[PDB]
$ cat start.txt   # compact mmCIF, N, CA and C atoms
# COMPACT_ATOMS: atom_id res chain seq x y z
N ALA A 2 68.98 67.39 171.71
CA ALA A 2 69.13 65.96 171.50
C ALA A 2 70.27 65.40 172.34
N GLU A 3 69.95 64.39 173.16
CA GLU A 3 70.91 63.71 174.02
C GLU A 3 71.72 64.68 174.88
N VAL A 4 71.11 65.19 175.94
CA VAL A 4 71.85 65.88 176.99
C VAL A 4 72.69 64.85 177.74
N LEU A 5 74.00 65.07 177.81
CA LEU A 5 74.91 64.06 178.37
C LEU A 5 75.42 64.39 179.77
N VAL A 6 75.04 65.53 180.35
CA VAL A 6 75.35 65.81 181.75
C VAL A 6 74.07 65.74 182.55
N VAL A 7 74.21 65.44 183.84
CA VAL A 7 73.07 65.37 184.75
C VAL A 7 72.75 66.80 185.17
N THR A 8 71.80 67.43 184.46
CA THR A 8 71.52 68.85 184.63
C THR A 8 71.27 69.22 186.09
N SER A 9 70.43 68.45 186.78
CA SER A 9 70.10 68.79 188.16
C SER A 9 71.34 68.78 189.06
N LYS A 10 72.24 67.81 188.85
CA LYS A 10 73.40 67.71 189.73
C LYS A 10 74.47 68.75 189.40
N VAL A 11 74.54 69.18 188.13
CA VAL A 11 75.42 70.28 187.76
C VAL A 11 74.94 71.58 188.39
N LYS A 12 73.64 71.90 188.22
CA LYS A 12 73.08 73.09 188.88
C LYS A 12 73.28 73.05 190.38
N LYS A 13 73.15 71.86 190.99
CA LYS A 13 73.31 71.75 192.44
C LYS A 13 74.75 72.02 192.86
N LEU A 14 75.72 71.51 192.09
CA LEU A 14 77.12 71.76 192.40
C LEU A 14 77.44 73.24 192.31
N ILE A 15 76.99 73.88 191.23
CA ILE A 15 77.34 75.27 190.98
C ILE A 15 76.69 76.18 192.01
N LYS A 16 75.46 75.85 192.43
CA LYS A 16 74.79 76.64 193.46
C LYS A 16 75.41 76.40 194.84
N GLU A 17 75.65 75.14 195.19
CA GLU A 17 76.05 74.83 196.56
C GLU A 17 77.51 75.21 196.80
N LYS A 18 78.37 75.03 195.81
CA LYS A 18 79.79 75.29 196.00
C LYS A 18 80.21 76.68 195.55
N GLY A 19 79.41 77.34 194.72
CA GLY A 19 79.83 78.60 194.16
C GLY A 19 78.86 79.74 194.30
N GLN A 20 77.66 79.47 194.84
CA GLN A 20 76.60 80.45 195.07
C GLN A 20 75.98 80.99 193.77
N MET A 21 76.22 80.34 192.63
CA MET A 21 75.78 80.74 191.30
C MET A 21 74.58 79.94 190.78
N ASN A 22 73.78 80.60 189.94
CA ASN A 22 72.84 79.93 189.05
C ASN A 22 73.58 79.39 187.83
N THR A 23 72.87 78.61 187.01
CA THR A 23 73.45 77.96 185.84
C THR A 23 72.56 78.22 184.64
N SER A 24 73.09 78.90 183.62
CA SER A 24 72.30 79.19 182.43
C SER A 24 72.07 77.94 181.58
N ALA A 25 71.00 77.98 180.77
CA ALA A 25 70.71 76.87 179.88
C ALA A 25 71.88 76.59 178.94
N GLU A 26 72.53 77.65 178.45
CA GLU A 26 73.60 77.45 177.49
C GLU A 26 74.82 76.81 178.14
N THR A 27 75.01 77.05 179.44
CA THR A 27 76.08 76.38 180.17
C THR A 27 75.90 74.86 180.14
N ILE A 28 74.66 74.40 180.32
CA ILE A 28 74.38 72.97 180.24
C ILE A 28 74.69 72.45 178.84
N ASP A 29 74.31 73.22 177.81
CA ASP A 29 74.58 72.81 176.44
C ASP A 29 76.07 72.66 176.19
N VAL A 30 76.87 73.64 176.64
CA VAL A 30 78.31 73.57 176.43
C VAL A 30 78.88 72.33 177.11
N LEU A 31 78.50 72.10 178.36
CA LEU A 31 79.00 70.93 179.08
C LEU A 31 78.64 69.64 178.35
N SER A 32 77.40 69.55 177.85
CA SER A 32 76.99 68.37 177.11
C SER A 32 77.83 68.18 175.84
N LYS A 33 78.03 69.26 175.06
CA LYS A 33 78.83 69.16 173.84
C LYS A 33 80.27 68.80 174.15
N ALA A 34 80.81 69.32 175.26
CA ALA A 34 82.15 68.95 175.69
C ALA A 34 82.25 67.46 175.98
N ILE A 35 81.25 66.89 176.65
CA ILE A 35 81.24 65.45 176.93
C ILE A 35 81.18 64.66 175.63
N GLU A 36 80.35 65.10 174.68
CA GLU A 36 80.25 64.41 173.40
C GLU A 36 81.61 64.38 172.70
N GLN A 37 82.28 65.52 172.66
CA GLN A 37 83.58 65.58 172.00
C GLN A 37 84.60 64.71 172.72
N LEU A 38 84.63 64.78 174.06
CA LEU A 38 85.58 63.94 174.78
C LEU A 38 85.34 62.47 174.50
N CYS A 39 84.06 62.07 174.38
CA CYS A 39 83.75 60.67 174.09
C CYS A 39 84.19 60.29 172.68
N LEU A 40 83.87 61.13 171.68
CA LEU A 40 84.26 60.80 170.31
C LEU A 40 85.78 60.75 170.17
N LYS A 41 86.49 61.67 170.81
CA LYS A 41 87.94 61.62 170.81
C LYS A 41 88.45 60.38 171.53
N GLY A 42 87.75 59.94 172.58
CA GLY A 42 88.11 58.70 173.25
C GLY A 42 87.95 57.50 172.34
N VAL A 43 86.88 57.48 171.52
CA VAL A 43 86.71 56.43 170.53
C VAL A 43 87.89 56.39 169.58
N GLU A 44 88.32 57.57 169.11
CA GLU A 44 89.45 57.65 168.18
C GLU A 44 90.70 57.06 168.81
N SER A 45 90.97 57.41 170.07
CA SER A 45 92.16 56.93 170.76
C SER A 45 92.10 55.42 170.98
N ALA A 46 90.96 54.91 171.45
CA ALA A 46 90.83 53.48 171.70
C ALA A 46 90.99 52.68 170.41
N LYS A 47 90.33 53.12 169.34
CA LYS A 47 90.42 52.37 168.08
C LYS A 47 91.84 52.41 167.52
N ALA A 48 92.52 53.56 167.65
CA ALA A 48 93.88 53.66 167.15
C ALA A 48 94.81 52.69 167.86
N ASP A 49 94.48 52.31 169.09
CA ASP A 49 95.24 51.32 169.84
C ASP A 49 94.76 49.91 169.58
N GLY A 50 93.78 49.74 168.69
CA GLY A 50 93.24 48.43 168.38
C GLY A 50 92.37 47.83 169.46
N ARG A 51 91.80 48.64 170.34
CA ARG A 51 90.99 48.15 171.44
C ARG A 51 89.50 48.28 171.13
N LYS A 52 88.69 47.60 171.94
CA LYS A 52 87.24 47.61 171.78
C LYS A 52 86.54 48.31 172.94
N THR A 53 87.29 48.95 173.83
CA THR A 53 86.77 49.62 175.03
C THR A 53 87.46 50.96 175.18
N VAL A 54 86.66 52.01 175.33
CA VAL A 54 87.18 53.33 175.67
C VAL A 54 87.55 53.34 177.14
N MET A 55 88.79 53.72 177.43
CA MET A 55 89.42 53.63 178.74
C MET A 55 89.69 55.04 179.26
N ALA A 56 90.04 55.14 180.55
CA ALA A 56 90.31 56.46 181.11
C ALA A 56 91.45 57.14 180.38
N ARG A 57 92.47 56.37 179.97
CA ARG A 57 93.61 56.97 179.29
C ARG A 57 93.27 57.45 177.88
N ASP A 58 92.09 57.10 177.36
CA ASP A 58 91.62 57.60 176.07
C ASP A 58 90.92 58.95 176.18
N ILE A 59 90.61 59.41 177.39
CA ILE A 59 89.91 60.69 177.61
C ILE A 59 90.99 61.68 178.02
N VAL A 60 91.52 62.41 177.05
CA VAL A 60 92.63 63.32 177.30
C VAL A 60 92.03 64.64 177.79
N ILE A 61 92.19 64.93 179.08
CA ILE A 61 91.63 66.13 179.67
C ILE A 61 92.70 66.94 180.39
N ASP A 62 93.98 66.65 180.11
CA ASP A 62 95.04 67.30 180.87
C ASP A 62 95.05 68.81 180.64
N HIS A 63 94.55 69.27 179.48
CA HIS A 63 94.51 70.70 179.23
C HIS A 63 93.52 71.44 180.13
N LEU A 64 92.87 70.73 181.06
CA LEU A 64 92.04 71.35 182.09
C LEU A 64 92.91 71.74 183.28
N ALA B 2 80.62 59.48 194.49
CA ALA B 2 79.79 60.60 194.94
C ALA B 2 79.52 61.57 193.79
N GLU B 3 78.23 61.82 193.54
CA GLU B 3 77.78 62.74 192.50
C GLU B 3 78.41 62.45 191.14
N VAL B 4 77.93 61.42 190.46
CA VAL B 4 78.23 61.23 189.04
C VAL B 4 77.53 62.32 188.25
N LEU B 5 78.29 63.08 187.46
CA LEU B 5 77.73 64.25 186.78
C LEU B 5 77.49 64.05 185.29
N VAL B 6 77.81 62.89 184.73
CA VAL B 6 77.44 62.58 183.35
C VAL B 6 76.34 61.52 183.37
N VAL B 7 75.54 61.51 182.31
CA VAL B 7 74.46 60.53 182.17
C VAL B 7 75.10 59.24 181.64
N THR B 8 75.44 58.33 182.56
CA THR B 8 76.22 57.15 182.22
C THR B 8 75.60 56.37 181.06
N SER B 9 74.29 56.12 181.12
CA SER B 9 73.66 55.32 180.07
C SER B 9 73.79 55.99 178.70
N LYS B 10 73.66 57.31 178.63
CA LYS B 10 73.70 57.98 177.34
C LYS B 10 75.13 58.12 176.81
N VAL B 11 76.11 58.20 177.70
CA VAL B 11 77.51 58.17 177.29
C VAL B 11 77.87 56.81 176.70
N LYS B 12 77.55 55.73 177.43
CA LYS B 12 77.77 54.38 176.89
C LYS B 12 77.06 54.18 175.56
N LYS B 13 75.85 54.73 175.42
CA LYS B 13 75.10 54.57 174.18
C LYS B 13 75.78 55.29 173.02
N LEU B 14 76.29 56.50 173.28
CA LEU B 14 76.99 57.25 172.24
C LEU B 14 78.24 56.51 171.79
N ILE B 15 79.02 56.03 172.75
CA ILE B 15 80.30 55.41 172.44
C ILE B 15 80.08 54.09 171.70
N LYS B 16 79.04 53.35 172.07
CA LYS B 16 78.73 52.10 171.38
C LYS B 16 78.16 52.36 169.99
N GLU B 17 77.21 53.28 169.89
CA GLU B 17 76.48 53.43 168.63
C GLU B 17 77.33 54.15 167.58
N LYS B 18 78.14 55.12 168.00
CA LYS B 18 78.91 55.90 167.04
C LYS B 18 80.33 55.37 166.86
N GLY B 19 80.83 54.57 167.79
CA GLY B 19 82.22 54.16 167.73
C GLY B 19 82.47 52.68 167.83
N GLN B 20 81.42 51.89 168.08
CA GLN B 20 81.48 50.43 168.19
C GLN B 20 82.22 49.95 169.45
N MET B 21 82.46 50.84 170.42
CA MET B 21 83.22 50.58 171.64
C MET B 21 82.34 50.40 172.88
N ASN B 22 82.84 49.60 173.83
CA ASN B 22 82.37 49.60 175.20
C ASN B 22 82.99 50.78 175.96
N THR B 23 82.51 51.00 177.18
CA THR B 23 82.94 52.13 178.01
C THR B 23 83.31 51.62 179.39
N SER B 24 84.58 51.79 179.78
CA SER B 24 85.01 51.33 181.10
C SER B 24 84.45 52.21 182.22
N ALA B 25 84.38 51.63 183.42
CA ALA B 25 83.91 52.39 184.58
C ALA B 25 84.77 53.62 184.82
N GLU B 26 86.09 53.49 184.63
CA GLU B 26 86.97 54.61 184.91
C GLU B 26 86.77 55.74 183.90
N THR B 27 86.36 55.40 182.68
CA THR B 27 86.04 56.42 181.69
C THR B 27 84.90 57.31 182.18
N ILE B 28 83.88 56.71 182.78
CA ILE B 28 82.78 57.48 183.34
C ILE B 28 83.29 58.39 184.46
N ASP B 29 84.17 57.86 185.31
CA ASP B 29 84.72 58.66 186.40
C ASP B 29 85.48 59.87 185.87
N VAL B 30 86.32 59.66 184.85
CA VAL B 30 87.08 60.78 184.29
C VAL B 30 86.14 61.84 183.75
N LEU B 31 85.15 61.42 182.97
CA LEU B 31 84.20 62.38 182.41
C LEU B 31 83.49 63.16 183.51
N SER B 32 83.09 62.47 184.58
CA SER B 32 82.44 63.15 185.69
C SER B 32 83.37 64.18 186.34
N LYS B 33 84.62 63.79 186.61
CA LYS B 33 85.57 64.71 187.23
C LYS B 33 85.86 65.90 186.32
N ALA B 34 85.92 65.65 185.01
CA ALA B 34 86.09 66.74 184.05
C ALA B 34 84.94 67.74 184.12
N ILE B 35 83.71 67.24 184.22
CA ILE B 35 82.55 68.13 184.36
C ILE B 35 82.63 68.93 185.65
N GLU B 36 83.03 68.29 186.75
CA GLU B 36 83.15 69.00 188.02
C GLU B 36 84.15 70.14 187.90
N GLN B 37 85.31 69.86 187.30
CA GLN B 37 86.32 70.90 187.16
C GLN B 37 85.84 72.02 186.25
N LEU B 38 85.21 71.67 185.12
CA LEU B 38 84.72 72.72 184.24
C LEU B 38 83.70 73.60 184.96
N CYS B 39 82.86 73.00 185.81
CA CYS B 39 81.87 73.78 186.56
C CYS B 39 82.55 74.69 187.58
N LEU B 40 83.50 74.15 188.36
CA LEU B 40 84.17 74.98 189.36
C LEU B 40 84.94 76.12 188.71
N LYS B 41 85.61 75.84 187.59
CA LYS B 41 86.28 76.90 186.85
C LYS B 41 85.28 77.91 186.30
N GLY B 42 84.09 77.45 185.91
CA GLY B 42 83.05 78.37 185.48
C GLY B 42 82.59 79.28 186.60
N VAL B 43 82.49 78.74 187.83
CA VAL B 43 82.17 79.56 188.99
C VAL B 43 83.22 80.65 189.17
N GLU B 44 84.50 80.28 189.04
CA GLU B 44 85.58 81.25 189.20
C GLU B 44 85.45 82.37 188.19
N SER B 45 85.18 82.02 186.93
CA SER B 45 85.07 83.01 185.87
C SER B 45 83.87 83.92 186.08
N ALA B 46 82.70 83.34 186.40
CA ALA B 46 81.50 84.15 186.62
C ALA B 46 81.69 85.10 187.79
N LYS B 47 82.23 84.61 188.91
CA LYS B 47 82.40 85.48 190.07
C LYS B 47 83.41 86.59 189.79
N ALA B 48 84.48 86.27 189.06
CA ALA B 48 85.48 87.28 188.74
C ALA B 48 84.88 88.41 187.91
N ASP B 49 83.81 88.13 187.16
CA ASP B 49 83.10 89.14 186.40
C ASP B 49 82.01 89.81 187.21
N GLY B 50 81.87 89.45 188.48
CA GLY B 50 80.84 90.02 189.34
C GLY B 50 79.44 89.55 189.04
N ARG B 51 79.28 88.39 188.42
CA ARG B 51 77.97 87.88 188.05
C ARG B 51 77.50 86.82 189.04
N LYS B 52 76.20 86.51 188.96
CA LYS B 52 75.59 85.52 189.84
C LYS B 52 75.13 84.28 189.08
N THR B 53 75.49 84.16 187.80
CA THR B 53 75.09 83.06 186.93
C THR B 53 76.29 82.61 186.12
N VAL B 54 76.56 81.31 186.15
CA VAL B 54 77.57 80.71 185.28
C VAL B 54 77.00 80.61 183.88
N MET B 55 77.73 81.15 182.91
CA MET B 55 77.29 81.33 181.53
C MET B 55 78.14 80.46 180.62
N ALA B 56 77.72 80.32 179.35
CA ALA B 56 78.49 79.49 178.43
C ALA B 56 79.91 80.02 178.28
N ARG B 57 80.07 81.35 178.28
CA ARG B 57 81.40 81.92 178.11
C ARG B 57 82.30 81.70 179.32
N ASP B 58 81.75 81.23 180.44
CA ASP B 58 82.54 80.88 181.62
C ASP B 58 83.09 79.47 181.56
N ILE B 59 82.64 78.64 180.62
CA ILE B 59 83.08 77.25 180.49
C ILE B 59 84.09 77.24 179.35
N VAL B 60 85.37 77.37 179.69
CA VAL B 60 86.42 77.48 178.69
C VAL B 60 86.80 76.06 178.28
N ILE B 61 86.42 75.67 177.07
CA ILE B 61 86.69 74.32 176.58
C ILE B 61 87.41 74.36 175.24
N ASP B 62 87.97 75.52 174.88
CA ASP B 62 88.56 75.65 173.54
C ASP B 62 89.74 74.70 173.37
N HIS B 63 90.41 74.33 174.46
CA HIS B 63 91.54 73.41 174.33
C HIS B 63 91.10 72.00 173.93
N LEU B 64 89.81 71.78 173.68
CA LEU B 64 89.32 70.54 173.11
C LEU B 64 89.40 70.60 171.58

$ encode --input "start.txt" --output "structure tokens"
Amino acid sequence: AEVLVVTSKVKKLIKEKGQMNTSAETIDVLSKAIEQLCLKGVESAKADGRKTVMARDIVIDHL
Amino acid sequence: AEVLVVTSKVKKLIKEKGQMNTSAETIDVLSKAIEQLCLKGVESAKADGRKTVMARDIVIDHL
């Protein structure tokens, strides 16, 4: 339900830049990661009293 | 170049579940996060001598 990454372009990146295939579960993990980053972004934006999720609401520095 | 998240479905999630709009830069951050997670997955898979990026190669526990 609701794949949130562009599967074809992820597979293309991983193949072209890394010489690797991409498992189905890899796509699932990436999609779930996007969902969590979005929900956490909602939490951050609302806590600031805003109505728009902004780049500063997507905390990805631990990457 | 190469947006790696499904922009329409991200905006739909953020609006429907959080009542928020989604800025253009939010989409950019999410896309760059996916790119980094994929490249790091390539590093992990190759270090294990494999030819396929697997779910265990996408380290997202810091979420």

$ interface_residues --input "start.txt" --of "chain B" --to "chain A" --cutoff "6.5 Å" --atoms "only N, CA and C atoms" --output "PyMOL selection string"
chain B and resi 4-7+10-11+15+19-24+26-27+30+39+43+52-56+63

$ atom_distance --input "start.txt" --atom1 "atom N of residue B:45" --atom2 "atom C of residue B:2"
22.3 Å

$ atom_distance --input "start.txt" --atom1 "atom C of residue A:48" --atom2 "atom CA of residue B:13"
20.8 Å

$ select_by_dssp --input "start.txt" --residues "chain A" --states "alpha helix (DSSP H)" --output "PyMOL selection string"
chain A and resi 8-19+25-48
